[PDB]
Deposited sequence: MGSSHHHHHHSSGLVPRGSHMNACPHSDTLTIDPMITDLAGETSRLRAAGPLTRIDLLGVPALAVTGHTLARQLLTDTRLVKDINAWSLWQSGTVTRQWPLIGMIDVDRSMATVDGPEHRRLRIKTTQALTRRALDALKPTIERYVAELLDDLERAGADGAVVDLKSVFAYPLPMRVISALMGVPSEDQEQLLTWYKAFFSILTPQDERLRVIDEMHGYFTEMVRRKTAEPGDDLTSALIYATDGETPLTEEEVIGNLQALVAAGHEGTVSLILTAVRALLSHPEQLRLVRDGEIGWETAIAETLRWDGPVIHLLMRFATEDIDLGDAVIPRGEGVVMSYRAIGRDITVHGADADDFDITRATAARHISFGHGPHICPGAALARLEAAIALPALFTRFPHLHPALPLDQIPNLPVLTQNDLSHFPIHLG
């Protein structure tokens, strides 16, 4: 069994240990055992296997009361009913209105909004960078942008977004005391409950109102609340990491940065290789076997929990080759990654996340062509967030 270090002290060694022990291996998540899927081919297979569900009531550890809400990771699994917790035909019903809102056409009408948030945040970088002062790319640029974009889509007031970010920081950190974590989870549920009620009595041009007023069976209020929570949480968290890890990877590989600025390699292709090599998700919790799953050299027992170790999956040497642990935007398999998932629960906002990074990254390097880091890589740790690739900071000189 591999114990996942909640402090993320040795992410590179742990990721390689997971790859070496895979494609299926036992992990320990803060005292709770589970199975981690670390192989790319096995992941794609299980992600489309209908004997694996997200419903926590299918977990034997939850049924028996062995895992309770005292577990610091329980907020990642015991969530309100939504597209993230259901499978089968009900899943399509809880997802279809959202996917209609995230089409290639639908995002075109949203593209100018993103471009304005980007331009506003670039000005914040310039203001904080007066007199050659080092600026935190994260806190000034990468962290606020995805929250402003998902808030505009969902209809979250601008005045409320700081509070949401404050809640999410405590929610993700393993250093949050468990009584405070549970209080924040409750306060967040109460916030989105009251927002859904407010939008029910006053709909707007936003996705929350669309989820309430669709004209199949209408979503229950619980399901709208659950979808809203999953959309804001995933919608703001992942893209922050993507923007920062892409900048970090290209600044430390200047010859590849030259390729994208000169147009030899598209930004969309650099974003794909960032997702494969250093993506926003480390481990995805959690799936549960409704019956014994015979793989042929291993069995997944009924009721067992199954984690998708997407970071290890991205480093799969069988699919990507011997240099899988290297960042190379020119590799042929960069588009074959599954860092947005696979199967029916594949990220519904994958196109929006790709668009946000595809706007922000060239915007950043056009506005500040000579930007460079103010800290070396060994002084940029991950935050203690076990399941997410969350960077502490990225100080830069604007140049």
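- Taken in order along the deposited sequence, the stretches absent from the coordinates are 1-28, 244-245.
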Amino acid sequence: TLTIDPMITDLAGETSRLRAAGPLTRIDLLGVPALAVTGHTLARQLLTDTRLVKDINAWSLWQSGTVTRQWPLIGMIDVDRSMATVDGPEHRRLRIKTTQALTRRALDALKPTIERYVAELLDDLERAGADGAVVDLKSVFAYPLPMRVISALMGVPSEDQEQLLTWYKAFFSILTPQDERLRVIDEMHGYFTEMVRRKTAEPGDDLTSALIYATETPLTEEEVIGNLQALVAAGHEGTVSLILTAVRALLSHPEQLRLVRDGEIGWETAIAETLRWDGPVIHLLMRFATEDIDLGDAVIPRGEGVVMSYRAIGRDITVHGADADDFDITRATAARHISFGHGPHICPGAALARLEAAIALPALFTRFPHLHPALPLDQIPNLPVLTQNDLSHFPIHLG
From here on, numbers count along this sequence of modelled residues.
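- The stretch with the higher mean CA B factor, choosing between 328-336 and 51-59, is 328-336.
- Stretch comparison (363-371 versus 33-41) by mean CA B-factor in the PDB entry places 363-371 on top.
- Highest C-alpha temperature factor among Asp136, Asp179, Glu264, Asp78, as the PDB entry reports it: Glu264.
- Residue set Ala20, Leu386, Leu24, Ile380: peak C-alpha B-factor at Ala20 (per PDB entry).
- Remark: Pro89 belongs to the highest third of its chain, ranked by C-alpha B-factor as recorded.
- For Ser309, the recorded CA B-factor ranks within the lowest third of the chain. Only modelled residues enter the ranking.
- Sort the chain's modelled residues by C-alpha temperature factor and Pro395 lands in the lowest third, per the entry.
- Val240: CA B factor lies in the lowest third for its chain, per the PDB record.
- For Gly132, the recorded CA B-factor ranks within the highest third of the chain. Only modelled residues enter the ranking.
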